[PDB]
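# The data below comprise the sequence and an experimental structure of the protein.
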Amino acid sequence: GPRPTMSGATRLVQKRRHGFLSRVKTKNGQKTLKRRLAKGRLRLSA
Amino acid sequence: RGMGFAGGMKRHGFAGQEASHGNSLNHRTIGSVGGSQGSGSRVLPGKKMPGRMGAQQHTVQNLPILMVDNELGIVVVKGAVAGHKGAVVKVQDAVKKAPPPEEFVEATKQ
Amino acid sequence: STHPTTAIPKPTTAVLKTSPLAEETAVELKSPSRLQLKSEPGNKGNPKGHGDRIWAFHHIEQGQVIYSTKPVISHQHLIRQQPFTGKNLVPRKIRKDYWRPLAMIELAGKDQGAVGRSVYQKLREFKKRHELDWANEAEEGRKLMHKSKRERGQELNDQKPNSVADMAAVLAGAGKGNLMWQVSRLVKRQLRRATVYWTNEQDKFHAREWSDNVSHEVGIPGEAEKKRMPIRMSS
Amino acid sequence: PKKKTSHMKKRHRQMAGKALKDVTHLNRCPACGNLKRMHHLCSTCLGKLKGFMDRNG
Amino acid sequence: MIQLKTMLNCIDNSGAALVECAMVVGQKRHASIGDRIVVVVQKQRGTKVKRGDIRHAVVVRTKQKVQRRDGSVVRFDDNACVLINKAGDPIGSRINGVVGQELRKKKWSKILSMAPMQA
Amino acid sequence: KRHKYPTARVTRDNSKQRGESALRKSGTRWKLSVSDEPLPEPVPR
Amino acid sequence: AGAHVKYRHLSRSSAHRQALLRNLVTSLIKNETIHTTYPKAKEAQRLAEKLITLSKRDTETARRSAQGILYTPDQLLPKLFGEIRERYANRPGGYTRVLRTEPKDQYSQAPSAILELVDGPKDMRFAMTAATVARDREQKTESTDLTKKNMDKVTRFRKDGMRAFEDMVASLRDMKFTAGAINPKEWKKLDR
RNA sequence: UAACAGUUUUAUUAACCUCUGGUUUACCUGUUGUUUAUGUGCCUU
RNA sequence: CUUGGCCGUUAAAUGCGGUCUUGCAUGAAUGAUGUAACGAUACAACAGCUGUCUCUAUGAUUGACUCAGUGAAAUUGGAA
RNA sequence: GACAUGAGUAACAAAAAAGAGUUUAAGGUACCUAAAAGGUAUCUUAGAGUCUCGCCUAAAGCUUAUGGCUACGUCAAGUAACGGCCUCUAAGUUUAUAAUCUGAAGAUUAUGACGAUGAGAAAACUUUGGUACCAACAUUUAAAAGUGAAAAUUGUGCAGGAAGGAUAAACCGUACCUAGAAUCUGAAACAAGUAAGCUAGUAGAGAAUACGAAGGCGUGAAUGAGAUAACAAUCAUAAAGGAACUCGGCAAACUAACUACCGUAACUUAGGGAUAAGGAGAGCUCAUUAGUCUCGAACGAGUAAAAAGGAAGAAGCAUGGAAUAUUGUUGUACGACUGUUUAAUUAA
RNA sequence: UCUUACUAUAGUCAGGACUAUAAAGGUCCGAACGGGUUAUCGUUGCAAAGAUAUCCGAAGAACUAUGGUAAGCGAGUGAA
Ligand SMILES: [K+]
Ligand SMILES: [K+]
Ligand SMILES: [K+]
Ligand SMILES: [K+]
Ligand SMILES: [K+]
Ligand SMILES: [K+]
Ligand SMILES: [K+]
Ligand SMILES: [K+]
Ligand SMILES: [Mg+2]
Ligand SMILES: [Mg+2]
Ligand SMILES: [Mg+2]
Ligand SMILES: [Mg+2]
Ligand SMILES: [Mg+2]
Ligand SMILES: [Mg+2]
Ligand SMILES: [Mg+2]
Ligand SMILES: [Mg+2]
Ligand SMILES: [Mg+2]
Ligand SMILES: [Mg+2]
Ligand SMILES: [Mg+2]
Ligand SMILES: [Mg+2]
Ligand SMILES: [Mg+2]
Ligand SMILES: [Mg+2]
Ligand SMILES: [Mg+2]
Ligand SMILES: [Mg+2]
Ligand SMILES: [Mg+2]
Ligand SMILES: [Mg+2]
Ligand SMILES: [Mg+2]
Ligand SMILES: [Mg+2]
Ligand SMILES: [Mg+2]
Ligand SMILES: [Mg+2]
Ligand SMILES: [Mg+2]
Ligand SMILES: [Mg+2]
Ligand SMILES: [Mg+2]
Ligand SMILES: [Mg+2]
Ligand SMILES: [Mg+2]
Ligand SMILES: [Mg+2]
Ligand SMILES: [Mg+2]
Ligand SMILES: [Mg+2]
Ligand SMILES: [Mg+2]
Ligand SMILES: [Mg+2]
Ligand SMILES: [Mg+2]
Ligand SMILES: [Mg+2]
Ligand SMILES: [Mg+2]
Ligand SMILES: [Mg+2]
Ligand SMILES: [Mg+2]
Ligand SMILES: [Mg+2]
Ligand SMILES: [Zn+2]
């Protein structure tokens, strides 16, 4: 069953894993942004 | 004496079940209420189940008369009698015993 | 066990009527104390200069007052002078950008520090009796008893107006056995000269009447160096 | 439940002998004459008298 | 009220000091003063009965209260008995201690013949 | 003080502010020197 | 299966049920009247009459037992052994009165009542009977047999007696308390 | 004649609290720790 | 095969402990074997202890029950 | 997708708990009064508060974090009484540079940059390597005494315990919530879970146990009032017997902590076993006093001083008086041991 | 951001007892804390792993916090 995995979760780690700079500065991250941008997303990261 | 809604132990003398050897929520319950399909697929009439107990007539037979007082108006009988204090009771000669002597029956009528 | 007093008329030892409930004035309820009948009570067992001046700081936003013998305040003052008036109403520390000097009391006697430590006592005892035993404001004035526990605790924090009236009372002889008196016992008694330095001229008007032995000056020493100009009514 | 309950058998359980009983134990207040409950005090007179004994007395 | 696994004090010179009840003879309700019981010797005293022997006994006094016809109730501090044979006669020759007075009505005259004090 | 050693008989109330509240107007615990006088009433802001 | 209850338990614990009655009798002597539920009024009625009985005794054991029923003895003891003791000096029992009323709380619709002290300043039956006689005299009607019975009940043991009753009636007429009252001769012709 | 003394067991069903016991959560008594209120409370001239 | 024979433990031992062992199908670092110490491991016995039981009874609280307010779920081809 | 059935049923039971007055605003009724108004009483919705009672309390309290679908008038040059930004670097990171390796993507080493969970001048005015180091543990030290931190001093064991830099006041944070009573995570107003400091006092070796000063609380009708059947849960007591229950003493009960108390077997790797087993004592009152302390004047007096103290005494059924610490012993199998394991059916 | 292991910087473990040490012990009793032994309850639960009691460790192979690293052709981590 599901677990409470977001307990004690900090917003500093949200920006280091799923932030914007963690994608534009990487090879695989540019695909995510280019994929989410072609779909029309407003929230490209975090 | 009225006993209200009685269970299986106080009404029919059921033995009950275990107290601690794994028993689960069934300590004063009645258990099974009959047999499976081969016995009618139904609870048979006359099955002993919980219900209201007491407040019924009860006859106590063969109770000797120990004392008789006309002034106090009492008739002391041996043993116990059904009901509470202040309740009316019916007292009559025993049916399983020979009637009183013929002289007594006449003397009282006289 | 605590004993609260009722808002009933009573006699005052001061020369003026501190409150409308004051029936009499300048009433002697006890013989002159040891130092009361002394022309020059000196700083016997205290540092040099201690007691010559008394400072008063207040919260410019909420009105919480703190009395101090030194020109500054510390964390001890806030803990030992601020009672619990409710949640989120007693600050965890002193914020420099909120606490400013309210007034400063200076005595004529440059070496009679004992007269200052007595004024500082009656001031702290009157404050304690304002945060507790405030029967004079329950049904009149601010009507603290007709308010909520949240709004009530905020009016108990505003001790600035009460403090100014305590100075006019304490400096006018209020308090049993305060050394602001001077009994000759040749028996004639009088009050001692004092001066009050105000950062805001308007603050000295919280007291309905001031004694005759007090002189009012604008600006507290050391305030100008902080680029804090005093407030003057006449301008 | 093995089968859905019909409209007939549910209307029986819902309204057979479970009709709201009418309050027939009512009389008039001796002071004001308003309809009150038997053996109970008048609410209109109770409040007024309870408030009249608070001003003067 | 002597029942299964009840420890009694044998008060005769038969050789037993502590016996364990194993069966109530002639009834289902627990044994009272003057009832037969099959016991098992658990201790001896210093043709005597040895530890582990099975004999019949008679309850002479119990710790449970015993109502009497005249309303007088008796109560002893311990449960005691005296061994007997299947025929019904005592094995020992001398009883040491007070015995219950209910033995007279339950046909135990022989046990009372050597009973020093009856209560 | 007669006996000064740290084990001397303790007869004081170590709970100084016992039963003292400002919101419930409990009053002062002990009778102070300014407790027999009326509280000075200031002029409101 | 066991014995019948000796009294009402009021869905409370032993300690909670005792303090409830001590509070209802403490507020009864302080206010002379309390408006509560009928079951609570009937349970405190037996403790309120057993407290006034202790006030009419002379031993100290009665003064200590009364100190254990009230929750502010220092404040309420002088009144119990004072005014109240003198009020019920000649009344042999029956010092309380429970009158049923409409639900105090319309949410639960729980039956309520008024537990009061007879011959007291806040006697409700003494005022309700005074309003009846005030309406009768103001409408030229004759008091019923029940009104005459209630008039003597509320004036037999009272100190002033009828004098205090006539003053209540006179104060209710000068106030026009019976203004808008329906005459008893028009109740049979009313459907609302 | 009087007086005195003696005149089954077990099992089961039900009723009943006189007796022997069990229970007692608003009864009485004793008692420990701590708290609250009231009253009272040391020596000396 | 089997509750193997014998001895002790139990009034009664398919159990446990010791011993005899011709071991369907023990065995030596897939380690063999005997102690101290340790174990919320598993089995067996003793003393004490108790409502576990003989045999249940009474009492307390919260539910259950009734009134007022709010208001579900699995389920259901149709049902006299 | 709408609407039925179950059903106006279950549920609104963390074993804290409520009772009686007062009162504001808006509105709905009845009466007084017919000039509208206003007054008296009452009900509804959204509040506030007084007295009494109870619960939490090394919390269900206060001050602040992580965090936030709670709300936006939250105010600082720095220290006392503040963090960030900024400077330095750790583990590591790098679409930076150079070299090298590599089907492309990339990878590698060096350097640079970046990166806190760490280190950063002064202030109640201020701007070399034991000549050591600031890991663990122990000890000593702001001089009236005692306690707890800071830092330092000295020593001990082996498991041998960072790096780098130094040395006239901008910008951002500041509200509220801390989970038993309206805010975090658990799908939610969930009996769960989450960091730091403080956390009255009495009494104790103690943060154990009991009481509980202040404070908060006794939920948004997400409930309230009654009655006190069966049965269920959670508990209390019990005649005689004391495992006869049962797969099995499951559960429950007995036992229990304390003393500078007495005593303690087989066996043993010589350490143990052992707090073995088994006994003794305890509260109140008091004779007595070597020193310490106090009062008066060596001596005398005093426990309205700490202690010591005895074969002293009193009362009761009972003085480990209430609460807290869950029996003892014996024979085997397996595994030496302390530990670890299927998060949420197997802890061996 | 759960979890396993590693890693960097930090933090916590009332009181008492035995032992050769004032400090040298995967020592002992027992809170915090960390585990989850047995039992009951709950099972459309307060809870898609909870409540109560009982039990185990509690100076160590301990526990905890903020970061970092290693996982999905080969298998990351694993007192398995
Ligand atoms: K059928
Ligand atoms: K009886
Ligand atoms: K282990
Ligand atoms: K700054
Ligand atoms: K490549
Ligand atoms: K057990
Ligand atoms: K003794
Ligand atoms: K684990
Ligand atoms: Mg999972
Ligand atoms: Mg986490
Ligand atoms: Mg009946
Ligand atoms: Mg049974
Ligand atoms: Mg059960
Ligand atoms: Mg058929
Ligand atoms: Mg704040
Ligand atoms: Mg209820
Ligand atoms: Mg209690
Ligand atoms: Mg009787
Ligand atoms: Mg009582
Ligand atoms: Mg091999
Ligand atoms: Mg309903
Ligand atoms: Mg149904
Ligand atoms: Mg139902
Ligand atoms: Mg229900
Ligand atoms: Mg209105
Ligand atoms: Mg850098
Ligand atoms: Mg940092
Ligand atoms: Mg919660
Ligand atoms: Mg909680
Ligand atoms: Mg939530
Ligand atoms: Mg605790
Ligand atoms: Mg709170
Ligand atoms: Mg409530
Ligand atoms: Mg028993
Ligand atoms: Mg017994
Ligand atoms: Mg058996
Ligand atoms: Mg059997
Ligand atoms: Mg005695
Ligand atoms: Mg092992
Ligand atoms: Mg598992
Ligand atoms: Mg398990
Ligand atoms: Mg993590
Ligand atoms: Mg250890
Ligand atoms: Mg169930
Ligand atoms: Mg251990
Ligand atoms: Mg331990
Ligand atoms: Zn009326």
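Great, that's in hand. Numbering: from 1, shown residues only, chains lettered A, B, ... in the order given. Ligands and ions are numbered 1, 2, ... in the order given.

# Please make it C-alpha for all contacts and neighbour counts, starting now.
Will do.

# how about the top helix by length along chain C against chain F, any contact?
Taking DSSP state H as the assignment, the helix of chain C that covers the most residues is helix C:113-131. Yes. When contact is scored as Cα under 8 Å from any Cα of the partner chain, part of helix C:113-131 falls within range of chain F: C:122, C:125-126, C:128-131.

# Which single one of these is nearest to RNA strand K?
When the residues of helix C:113-131 next to chain F are ranked by distance to RNA strand K (Cα to the nearest atom of the strand), residue C:128 comes first, at 35.8 Å.

# what residues does chain A put near RNA strand K?
Proximity of chain A to RNA strand K, by Cα under 7 Å from any atom of the strand, involves residues A:1-14, A:16.

# same thing but 10 Å
Neighbours of RNA strand K within chain A, by Cα under 10 Å from any atom of the strand: A:1-19, A:46.

# Show me which of the residues you listed are buried.
Burial of the residues of chain A next to RNA strand K was assessed by neighbour count (16 or more other Cα atoms under 10 Å in any protein chain shown); the buried members are residue A:19.

# Where does chain A get nearest to chain D, residue-wise?
Per Cα to the nearest Cα, the residue of chain A with the smallest distance to chain D is residue A:1, at 30.6 Å.

# What separation is there between that residue and residue F:35?
Taking Cα to Cα, to the nearest Å as the criterion, residue A:1 is separated from residue F:35 by 68 Å.

# and the end-to-end length of stretch B:58-70?
Between the start and the finish of stretch B:58-70 there is a gap of 27 Å, counting by Cα to Cα.

# Off-centre distance for it?
The chain centroid and the centroid of stretch B:58-70 are separated by 18 Å, computed with Cα atoms, centre = their mean, to the nearest Å.

# List the contacts of it.
Outside stretch B:58-70, the residues within contact range by Cα atoms under 8 Å, 6 or more residues apart in numbering or on different chains are B:74-82, B:94, B:96-97.

# ok, the residue in chain F that ligand 47 sits nearest to - how many residues close by?
For chain F, the residue positioned closest to ligand 47 under Cα to the ion is residue F:24, at a distance of 41.6 Å. Residue F:24: 13 surrounding residues under other Cα atoms under 10 Å in any protein chain shown.

# can you check residue G:83 too?
The number of residues packed near residue G:83 is 10, by other Cα under 10 Å.

# For it, which three-state class applies?
helix (DSSP: H, G, I helix; E, B strand; the rest coil).

# thinking again about what came up before, so what secondary structure elements neighbour the longest helix of chain C?
Here helix C:113-131 touches strand C:53-59, strand C:65-68, helix C:160-170, going by 3 or more Cα pairs under 8 Å, 6 or more residues apart in numbering or on different chains; DSSP states H and E.

# mind redoing it with 10 Å?
Helix C:113-131 makes packing contacts with strand C:53-59, strand C:65-68, helix C:75-81, strand C:99-107, helix C:149-157, helix C:160-170 when contacts are defined by 3 or more Cα pairs under 10 Å, 6 or more residues apart in numbering or on different chains; DSSP states H and E.

# about what we covered before: most neighbours among the residues of helix C:113-131 next to chain F, which one?
Per-residue neighbour counts (other Cα under 10 Å) across the residues of helix C:113-131 next to chain F peak at residue C:126, which has 28 neighbours.

# What distance do you get for that residue to RNA strand H?
Using Cα to the nearest atom of the strand, to the nearest Å, we find residue C:126 at a distance of 22 Å from RNA strand H.

# what does residue A:16 give?
Using Cα to the nearest atom of the strand, which is the criterion applied here, residue A:16 is 55 Å from RNA strand H.

# And RNA strand J, is whatever helix or strand that residue lives in touching that?
Following DSSP states H and E, one finds residue A:16 within helix A:11-18. Yes. Contact of helix A:11-18 with RNA strand J is found when judged by Cα under 10 Å from any atom of the strand, involving A:11-14, A:16.
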